[PDB]
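Undergrad: Experimental coordinates follow, after the sequence.
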Amino acid sequence: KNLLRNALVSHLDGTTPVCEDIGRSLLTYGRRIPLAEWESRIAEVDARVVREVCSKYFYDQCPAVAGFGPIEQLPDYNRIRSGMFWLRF
Amino acid sequence: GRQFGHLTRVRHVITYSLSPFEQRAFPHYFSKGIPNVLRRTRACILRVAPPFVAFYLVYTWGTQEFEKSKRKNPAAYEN
């Protein structure tokens, strides 16, 4: 959470980065999300939210893999797929 | 022993693949299946089948003559 707060605040530094956030956000969120609001969103998050949210998107989900280069040892898609769940859990 | 990564050298080949949970396990099982086994059978009858019918012919004739050798034996013994 702290990393993300740092990132956010740090990223919004100077005319350009800000201007770009305005214009782009208007496109995407319809409005401009005031720093404070992001800070509130981040604060809400804690371990449980992470586990629940991570599981929702990553747990036992099908990956899209892209490879390039000396990839002979890149694991087979089945194998990568199997790595998206744990037999302990 | 030999591991992936130390097998051999490969140049410029792309390989697209798909998740098993995204495709069918039996695409066109019968539609494309039968035609193909016909095709593979056809492709090989002539080298596999011949020696077997040869055995087949020799097996039926072989037992035949075995019975007709003794049972048929008498036959004639006339005096």
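TA: Structure received. Numbers count the residues shown, from 1 in each chain, chains lettered A, B, ... in the order given.

Undergrad: use CA for all of it now, contacts and neighbours both
TA: OK.

Undergrad: Could I get the full set of helices for the chain?
TA: Here I'm looking at chain A. For chain A, the helices defined by DSSP state H cover A:2-11, A:15-28, A:35-44, A:47-58, A:77-82.

Undergrad: not what I meant, chain B
TA: B:33-70.

Undergrad: can you list the residues of it near chain A?
TA: Proximity of chain B to chain A, by CA under 8 Å from any CA of the partner chain, involves residues B:4-5, B:19-21.

Undergrad: Identify, from the residues you listed, the entry nearest to residue A:6.
TA: Proximity of these to residue A:6 (CA to CA) peaks at residue B:19, which lies at 38.0 Å.

Undergrad: Am I right that the closest one is in contact with residue A:77?
TA: Yes: between residue B:19 and residue A:77 there is a contact under CA atoms under 8 Å: 7.1 Å.

Undergrad: which one of the two has more residues nearby?
TA: Taking neighbours as other CA atoms under 10 Å in any protein chain shown, residue B:19 and residue A:77 compare with residue A:77 leading, 17 against 13.

Undergrad: list the contacts for that one?
TA: A:65, B:19 (CA atoms under 8 Å, 6 or more residues apart in numbering or on different chains).

Undergrad: Go again with 6 Å.
TA: Neighbouring residues of residue A:77 by CA atoms under 6 Å, 6 or more residues apart in numbering or on different chains: there are none.
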